[PDB]
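Report on the structure
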Amino acid sequence: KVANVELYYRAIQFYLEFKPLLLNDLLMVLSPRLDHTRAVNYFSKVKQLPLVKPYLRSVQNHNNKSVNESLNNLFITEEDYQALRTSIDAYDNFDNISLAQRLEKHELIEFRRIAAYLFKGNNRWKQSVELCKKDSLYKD
Amino acid sequence: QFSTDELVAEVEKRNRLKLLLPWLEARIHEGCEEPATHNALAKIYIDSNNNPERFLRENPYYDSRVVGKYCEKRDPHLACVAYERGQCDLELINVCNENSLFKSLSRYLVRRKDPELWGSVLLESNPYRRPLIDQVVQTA
């Protein structure tokens, strides 16, 4: 019921410093009239983004840029890909090249497989097909 | 030959306005459209410890100014309605802005849509503009 908006960006800090565990409820309540981009940009400084991941999973519908990039970074660190396939398929408001740089050397067959996949979302063969020559003689 | 709007001033010093109830009751039963009586009825209704808000709204004979200045400190919640129907916008801001719920003000201005009123108010002279805007953001 508050008029201004900066009190949101102060109260997030308030809880985070005091009662960070009861922050997800506020986040779910306050997501509608909130610039989530600033929220993630501020959380990157303090770096508690792994806490608020399931909330951003809900906010993903809005298809914001920094939301997508950050949550994909968190999937990278968590080393999960099944959710990453859904994120990239259902949402495209992000650059494919930066994600490709990380996925093509992620020590893991499947992440590198995705690094080969999303190239064709940019219509760039001759590297994807060539990337998977190195490992996948298994028909891919 | 008789003076009506100053016996009230006389008994005000004597503080026995309840003395004048029956005569003025019959006088209004006749249906005289005199502000001298229709305002005194409101004044005694105020000191009755009752809620004369609807008598204040449905009596199109008295004058808003005397009830407003009289109900300034005793009850601005009624003086604002007096000014509302009496269209005493300047007095409304002269009292309700000073000490009141500014939501009723915003309800009146949005109701009584008047650009000149906004112009008179929205020029950064009045120190009390931030609360009423922080209210009308919700009342609209």
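Residues numbered from 1 in each chain as written, not as in the entry; some residues may be left out. Chains lettered and ligands numbered in written order. Part of a larger assembly, values for the part shown. Heavy atoms only, no water. Residues with missing side-chain atoms left out of burial classes, pairs and counts.

The record lists cryo-EM as the method behind this PDB entry and 4.69 Å as its resolution.

1. Some words on the side chain of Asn97 of chain B
All names here are of chain B. As a reminder of what qualifies: Only DSSP runs of H or I reaching four residues or more are called helices, and only runs of E reaching two or more are called strands; each is numbered from the N terminus. Polar contacts here mean pairs of N or O atoms no more than 3.5 Å apart (in protein, one a potential hydrogen donor and the other a potential acceptor; neighbouring residues in sequence count only if both atoms are side-chain atoms). Here a residue-residue contact requires only that any non-hydrogen atoms of the pair lie within 4.5 Å.
Relative to the elements of secondary structure, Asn97 occurs in the loop between helix 7 (89–95) and helix 8 (102–111). At a separation of 2.6 Å, a polar atom in the side chain of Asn97 contacts the side chain of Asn126. Among all residues touching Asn97, those that are not within four sequence positions of it are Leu92, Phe102, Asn126, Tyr128 and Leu132.

2. Side note on unusual backbone geometry
Residue and element names in this part refer to chain A. Quick note on the threshold: The classification of residues rests on relative accessible area computed with a 1.4 Å probe and restricted to protein chains. Under 20% of the type maximum is buried, over 50% is exposed, and intermediate values are partly exposed.
The residue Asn63 is not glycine, and still its phi comes out positive at about 65 degrees. Positive phi, close to 70 degrees, is recorded for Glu107, a residue that is not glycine. Residue position: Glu107 is located in the loop between helix 7 (96–103) and helix 8 (109–117). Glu107 sits in the exposed class, given a relative accessible area of 75%.

3. Brief notes about the packing of helix 3 (residues 36–46) of chain A against helix 5 (residues 65–78) of chain A
All names here are of chain A. Going by this rule: Axis geometry follows a simple rule: fit a line to the C-alpha atoms, using only the stretch in contact for helices, then measure angles between N-to-C directions, giving values from 0 to 180 degrees. Comment on the angle field: the value is read as roughly parallel under 35 degrees, roughly antiparallel over 145, roughly perpendicular from 65 to 115, and oblique elsewhere. Handedness of a crossing follows from how the near helix is turned relative to the far one, being left-handed for an anticlockwise turn of less than a right angle and right-handed for a clockwise one. Side-chain classes are defined by residue name, with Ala, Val, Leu, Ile, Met, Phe, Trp, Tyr, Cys and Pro counting as nonpolar, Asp, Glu, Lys and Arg as charged, and the others, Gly among them, as polar.
Axis separation between helix 3 and helix 5 bottoms out at 8 Å; the angle between their running directions is 40 degrees. Taken as axis vectors, helix 3 and helix 5 run oblique relative to one another. Considering only the axes of helix 3 and helix 5, their crossing is left-handed. For the pair helix 3 and helix 5, the contacting residues are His36, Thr37, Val40 and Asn41 in the first and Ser66, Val67 and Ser70 in the second. Broken down by class, the residue content of the contact of helix 3 with helix 5 amounts to two nonpolar, five polar and no charged.

4. Comments concerning helix 6 (residues 76–86) of chain B
Residue and element names in this part refer to chain B. Of all the residues in helix 6, the buried ones are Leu78, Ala79, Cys80, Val81, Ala82 and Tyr83. Looking at the packing, one finds that the buried side of helix 6 touches helix 3 (35–47), helix 4 (53–57), helix 5 (64–74), helix 7 and helix 8. Its side-chain oxygen 3.0 Å from the backbone nitrogen of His77, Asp75 forms the N-cap of helix 6. Downstream of helix 6 by one or two residues, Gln87 has phi in the positive range, about 60 degrees.

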